[PDB]
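Presented below, as structure tokens, is a lone chain in the form deposited in one PDB entry.
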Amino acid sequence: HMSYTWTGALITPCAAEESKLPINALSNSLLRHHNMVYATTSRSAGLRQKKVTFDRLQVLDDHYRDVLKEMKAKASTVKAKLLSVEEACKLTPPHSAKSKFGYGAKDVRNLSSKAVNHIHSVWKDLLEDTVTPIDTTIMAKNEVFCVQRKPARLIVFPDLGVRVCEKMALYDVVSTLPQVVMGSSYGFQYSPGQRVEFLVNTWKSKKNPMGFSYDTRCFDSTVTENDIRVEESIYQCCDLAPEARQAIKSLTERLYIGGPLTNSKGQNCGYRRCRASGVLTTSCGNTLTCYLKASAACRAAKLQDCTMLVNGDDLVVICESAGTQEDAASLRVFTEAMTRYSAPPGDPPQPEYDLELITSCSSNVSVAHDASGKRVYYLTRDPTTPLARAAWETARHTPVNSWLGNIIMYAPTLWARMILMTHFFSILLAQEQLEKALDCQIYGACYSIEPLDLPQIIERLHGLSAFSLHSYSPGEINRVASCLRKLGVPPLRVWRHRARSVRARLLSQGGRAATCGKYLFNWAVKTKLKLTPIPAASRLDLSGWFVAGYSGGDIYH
């Protein structure tokens, strides 16, 4: 029961990889300490392999089977359809890794018959054969961080023809089943506004609130063949076409349970018997499996009135406190149960009696005040990683714009409004690229977004209070400040000053550009405008957003 076995062949890059922050004319206006920012490369893949390779033991008790029976009972109420070749093709990102069989993501989106002819044959092969392990490519992720140095994460994904077949069999299931099985506990149904509402409401619905986040060590690595067969048995409870049942059975045996790892050069690196990071079912399976283990571990622990919020491997529990030592006892039991279930912790959990101190989906609840003085709650984070990545994206064009995703999801935050919006609107102005659509990743799915729709997207995700927030908390204001001192970012009076400029230049241009200046930078002037609902905002089609997670699922909406 080893997560992985290795041949000794190295995980190879396909293009050269920069580990050091690229510098341009713009870099120093955002960040001075360039030595603090790095990107992970293949060079560290060996250390990741070490970290993720271990023996899993799993001990499964009545709590585990009682929760699973309940989950399957809900799964039975789900009906899911097959997607046609065309539908699945249209879900393929333009930028998506090309097929080994001589065709690419754009050929797939075009419905070019060489692509579609292959896909039909991969599909046919899935129905006929249910035993033959499907090839995966193993690559090192290039992601940017601040030093404190992390090894590259491993992405494992099958060929583009298989990925389109996964969509035909399972897109509708992984879109619809998780909300039916987990109800309000399924995190990816929530906009950031909806998520802060659920957390705060959940917290207040307790007499004596206690909550903790649960950090599983390398959760993909802790997922067993058992866990992956249990997931397929949940999928199989749905009312499915028999062609769909056959495909899900085949993809489970041949791809999801495990299979061989090939590097960029086409050499054999070893064998996987855990979760693939890069398949359609990674989000949904992690979320189901985390919810099953954690739900059963709650019952073991005798946590009273448990509310859970689960996003893939990211887990928050809020429950009734039974005093501090009782709570501390509960959490150790909780941890023993998760360990037996093969989800041992990274940091051991800590009970918390202040909601603002709980981190879940890399975010904490904080509080500011809107126009009318009224307290509004919002999600924020330490902005160290988002700014490190903004620095890197200032000097290199990346196909996913972390800064755009971070503006959309953290729009109400001091740091997103003062730094990210100021910095990136100045760049789009100087290049006159306000009207040029950018790809960004929300809950793993890729979206093409026009920056000039940002005010409308922000009203819909967060409400109009996102444009009027002030009197951020002492503790939020400190963490922003300490991060700027760390990264050598200019102070927030410099950003206010810059934003007055950007605001002025955006109003200059009228149309949506003016709206952007009105709404995004109202905070920068003291003689404030009165901000009121945007007309084009309820025209925006935000169905597809906050339905489901698709991390590593190759999904474009």
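Residues carry their position along the shown sequence, with the first being 1. Rigid core: the largest C-alpha set superposing within 1.5 Å between the two forms.
Here the subject shifts to the form deposited with a small molecule bound, a form of this protein not shown in this document.
Participant: Which pick from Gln456, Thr394, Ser342, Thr262 sits with a heavy atom within 4.5 Å of the small molecule in the deposited complex?
Facilitator: Exactly one listed residue reaches within 4.5 Å, namely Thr394.
Participant: Identify, from the list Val116, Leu428, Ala337, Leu487, the residue with a heavy atom within 4.5 Å of the small molecule in the deposited complex.
Facilitator: Exactly one listed residue reaches within 4.5 Å, namely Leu487.
Participant: Indicate whether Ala388 is a 4.5 Å heavy atom neighbour of the small molecule in the deposited complex.
Facilitator: Yes, contact at 4.5 Å.
Participant: Considering only heavy atoms, tell me if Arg272 and the small molecule come within 4.5 Å of each other in the deposited complex.
Facilitator: So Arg272 does not count as contacting the small molecule.
Participant: Taking the small molecule as it sits in the deposited complex, is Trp495 in contact with it (heavy atom to heavy atom, 4.5 Å or less)?
Facilitator: So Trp495 counts as contacting the small molecule.
Participant: Given that the partner is absent here, does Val37 sit within 4.5 Å of the small molecule in the deposited complex, heavy atoms only?
Facilitator: Within the cut-off, so yes.
Participant: Heavy atoms, 4.5 Å, the small molecule in the deposited complex: which of 92-100, 380-388, 159-167, 239-247 makes the cut? Say which one.
Facilitator: Of the stretches listed, the one contacting the partner is 380-388.
Participant: Just one of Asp347, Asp239, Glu435, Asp129 has a CA that shifts 2 Å or more between the shown form and the other one on a core fit; which is it?
Facilitator: Once the cores are aligned, the residue moving by 2 Å or more is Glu435.
Participant: Any CA movement of 2 Å or more for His497 between the shown form and the other one, core superposed?
Facilitator: Moves: yes, 2 Å or greater.
Participant: After the core is overlaid between the shown form and the other one, has the C-alpha of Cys306 moved by 2 angstroms or more?
Facilitator: Superposed on the core, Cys306 moves its C-alpha less than 2 Å between the shown form and the other one.
Participant: For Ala395, decide whether the Cα shift between the shown form and the other one is 2 Å or greater, given a superposition on the rigid core.
Facilitator: It does shift by 2 Å or more.
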